[PDB]
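Asks: Supplied structure: my_file-v2.txt, compact mmCIF, N, CA and C atoms.
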# COMPACT_ATOMS: atom_id res chain seq x y z
N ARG A 1 22.12 -0.13 -0.55
CA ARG A 1 23.17 -0.04 0.47
C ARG A 1 23.42 -1.42 1.07
N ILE A 2 24.61 -2.00 0.88
CA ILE A 2 25.00 -3.27 1.47
C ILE A 2 25.60 -2.97 2.83
N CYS A 3 25.09 -3.58 3.91
CA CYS A 3 25.59 -3.31 5.25
C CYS A 3 25.48 -4.57 6.10
N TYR A 4 26.08 -4.54 7.29
CA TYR A 4 26.08 -5.69 8.17
C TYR A 4 24.77 -5.76 8.93
N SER A 5 24.37 -6.98 9.30
CA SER A 5 23.15 -7.23 10.06
C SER A 5 23.44 -8.23 11.18
N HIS A 6 23.20 -9.52 10.88
CA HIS A 6 23.35 -10.70 11.72
C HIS A 6 22.89 -10.51 13.18
N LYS A 7 21.74 -11.10 13.51
CA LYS A 7 21.20 -11.02 14.86
C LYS A 7 22.07 -11.82 15.84
N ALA A 8 22.76 -12.85 15.36
CA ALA A 8 23.68 -13.64 16.16
C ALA A 8 24.95 -12.83 16.31
N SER A 9 25.15 -12.20 17.47
CA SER A 9 26.24 -11.28 17.73
C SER A 9 27.57 -11.99 18.04
N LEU A 10 27.99 -12.86 17.12
CA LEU A 10 29.23 -13.61 17.18
C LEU A 10 29.73 -13.81 15.74
N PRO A 11 29.04 -14.59 14.90
CA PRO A 11 29.37 -14.69 13.48
C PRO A 11 29.01 -13.37 12.80
N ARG A 12 29.31 -13.24 11.51
CA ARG A 12 29.01 -12.03 10.76
C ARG A 12 28.36 -12.39 9.43
N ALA A 13 27.50 -11.49 8.94
CA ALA A 13 26.78 -11.58 7.68
C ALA A 13 26.27 -10.18 7.35
N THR A 14 26.05 -9.93 6.06
CA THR A 14 25.61 -8.65 5.51
C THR A 14 24.37 -8.83 4.65
N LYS A 15 23.60 -7.76 4.47
CA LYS A 15 22.42 -7.75 3.61
C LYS A 15 22.30 -6.40 2.91
N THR A 16 21.51 -6.37 1.83
CA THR A 16 21.22 -5.15 1.10
C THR A 16 20.03 -4.47 1.78
N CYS A 17 20.03 -3.14 1.78
CA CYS A 17 19.01 -2.30 2.38
C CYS A 17 18.85 -1.04 1.54
N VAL A 18 17.68 -0.40 1.65
CA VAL A 18 17.36 0.82 0.93
C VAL A 18 18.00 2.03 1.62
N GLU A 19 18.03 2.02 2.96
CA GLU A 19 18.56 3.12 3.76
C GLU A 19 19.94 3.57 3.30
N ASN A 20 20.14 4.88 3.35
CA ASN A 20 21.43 5.50 3.08
C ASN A 20 22.37 5.24 4.25
N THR A 21 21.81 5.04 5.45
CA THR A 21 22.54 4.87 6.69
C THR A 21 22.45 3.43 7.18
N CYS A 22 23.34 3.05 8.10
CA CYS A 22 23.36 1.76 8.76
C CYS A 22 23.84 1.98 10.18
N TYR A 23 23.51 1.08 11.10
CA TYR A 23 24.01 1.13 12.46
C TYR A 23 24.81 -0.11 12.80
N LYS A 24 25.64 0.09 13.83
CA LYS A 24 26.44 -0.92 14.48
C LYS A 24 26.07 -0.86 15.97
N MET A 25 25.95 -2.03 16.59
CA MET A 25 25.47 -2.22 17.96
C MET A 25 26.53 -2.91 18.82
N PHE A 26 26.77 -2.37 20.02
CA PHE A 26 27.73 -2.88 20.99
C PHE A 26 27.05 -2.97 22.35
N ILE A 27 27.56 -3.82 23.24
CA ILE A 27 27.03 -3.86 24.60
C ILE A 27 27.53 -2.58 25.27
N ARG A 28 26.65 -1.88 25.98
CA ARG A 28 26.94 -0.59 26.60
C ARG A 28 28.25 -0.60 27.38
N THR A 29 28.38 -1.58 28.27
CA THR A 29 29.54 -1.76 29.12
C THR A 29 30.80 -2.16 28.34
N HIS A 30 30.68 -2.57 27.08
CA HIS A 30 31.79 -3.06 26.27
C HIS A 30 31.78 -2.38 24.90
N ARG A 31 32.14 -1.10 24.88
CA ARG A 31 32.23 -0.32 23.66
C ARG A 31 33.07 -1.03 22.60
N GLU A 32 34.23 -1.56 23.02
CA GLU A 32 35.18 -2.25 22.17
C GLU A 32 34.72 -3.69 21.85
N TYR A 33 33.46 -3.84 21.43
CA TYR A 33 32.85 -5.09 21.04
C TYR A 33 31.63 -4.74 20.19
N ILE A 34 31.83 -4.58 18.88
CA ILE A 34 30.72 -4.31 17.98
C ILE A 34 30.08 -5.68 17.80
N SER A 35 29.01 -5.86 18.56
CA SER A 35 28.32 -7.10 18.81
C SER A 35 27.38 -7.49 17.68
N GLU A 36 26.43 -6.61 17.35
CA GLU A 36 25.40 -6.85 16.35
C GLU A 36 25.40 -5.65 15.40
N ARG A 37 24.68 -5.71 14.28
CA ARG A 37 24.61 -4.61 13.33
C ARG A 37 23.21 -4.55 12.71
N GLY A 38 22.91 -3.47 11.99
CA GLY A 38 21.62 -3.31 11.34
C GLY A 38 21.65 -2.14 10.36
N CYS A 39 20.54 -1.94 9.64
CA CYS A 39 20.41 -0.90 8.63
C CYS A 39 19.71 0.33 9.21
N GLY A 40 19.94 1.49 8.61
CA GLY A 40 19.41 2.77 9.06
C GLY A 40 20.21 3.32 10.24
N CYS A 41 19.57 3.39 11.41
CA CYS A 41 20.00 3.96 12.67
C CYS A 41 19.17 3.17 13.74
N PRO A 42 19.51 3.20 15.04
CA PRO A 42 19.00 2.40 16.15
C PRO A 42 17.70 1.60 16.07
N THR A 43 17.80 0.51 16.83
CA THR A 43 16.87 -0.53 17.22
C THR A 43 17.77 -1.46 18.03
N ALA A 44 17.37 -1.79 19.25
CA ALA A 44 18.17 -2.57 20.18
C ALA A 44 17.39 -2.74 21.49
N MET A 45 17.89 -3.62 22.36
CA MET A 45 17.37 -3.92 23.67
C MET A 45 18.52 -3.82 24.66
N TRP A 46 18.27 -3.30 25.87
CA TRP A 46 19.30 -3.20 26.89
C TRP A 46 19.86 -4.61 27.15
N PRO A 47 21.17 -4.80 27.36
CA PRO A 47 22.21 -3.79 27.52
C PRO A 47 22.88 -3.32 26.22
N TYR A 48 22.28 -3.53 25.05
CA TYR A 48 22.89 -3.05 23.81
C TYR A 48 22.69 -1.55 23.64
N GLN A 49 23.63 -0.91 22.93
CA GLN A 49 23.62 0.48 22.55
C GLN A 49 24.14 0.54 21.10
N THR A 50 23.46 1.32 20.26
CA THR A 50 23.72 1.49 18.84
C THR A 50 24.39 2.82 18.50
N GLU A 51 25.12 2.84 17.37
CA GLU A 51 25.69 4.05 16.78
C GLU A 51 25.52 3.93 15.25
N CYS A 52 25.20 5.03 14.56
CA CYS A 52 24.88 5.05 13.14
C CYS A 52 26.06 5.50 12.29
N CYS A 53 25.96 5.26 10.98
CA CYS A 53 26.93 5.64 9.96
C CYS A 53 26.24 5.60 8.60
N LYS A 54 26.96 6.01 7.54
CA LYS A 54 26.53 5.99 6.16
C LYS A 54 27.67 5.39 5.33
N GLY A 55 27.33 4.70 4.25
CA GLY A 55 28.28 4.06 3.35
C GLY A 55 28.18 2.54 3.45
N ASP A 56 28.43 1.87 2.33
CA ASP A 56 28.37 0.42 2.25
C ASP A 56 29.33 -0.17 3.28
N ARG A 57 28.84 -1.13 4.06
CA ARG A 57 29.52 -1.78 5.15
C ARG A 57 30.23 -0.81 6.10
N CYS A 58 29.71 0.42 6.26
CA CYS A 58 30.27 1.37 7.21
C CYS A 58 30.11 0.84 8.63
N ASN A 59 29.02 0.10 8.86
CA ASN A 59 28.69 -0.46 10.15
C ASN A 59 29.48 -1.74 10.41
N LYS A 60 30.81 -1.63 10.38
CA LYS A 60 31.69 -2.76 10.66
C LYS A 60 31.71 -3.03 12.17
Show how you would write the structure in this file as structure tokens.
Replies:
Amino acid sequence: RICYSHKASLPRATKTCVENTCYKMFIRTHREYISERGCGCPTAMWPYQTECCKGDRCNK
């Protein structure tokens, strides 16, 4: 599964992962800002909040 990652929540980059699912992370107060991304489903620190999906680069 190729999905987005990049810990630097400004530029963008993707990586391959085993997980069927991937997550996208936004600042809680700013839903309309998909800030960071990752594979599977949640991992984050406040004030970030995550949402999951499935499919290659679904976590746009």
Asks: When you count all atoms listed in the file, which of these residues is closest to residue A:22: A:54, A:5, A:60, A:43?
Replies: A:54
Asks: Leaving out residue A:40 and any residue of its chain fewer than 3 positions from it, which residues lie within 7 Å of it when counting all atoms listed in the file, given as a list in words?
Replies: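 So, after excluding close chain neighbours, the residues are residues 19, 20, 21, 22, 23, 52 and 53 of chain A.
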Asks: Please, what distance in Å, to one decimal, runs between atom CA of residue A:39 and atom CA of residue A:9?
Replies: 15.0 Å
Asks: How many Å separate atom N of residue A:24 from atom N of residue A:50?
Replies: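 Separation of atom N of residue A:24 and atom N of residue A:50: 6.9 Å.
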Asks: Which residue, A:7, A:1, A:15, A:57, has the smallest gap to residue A:35 when you use only C-alpha atoms?
Replies: A:7
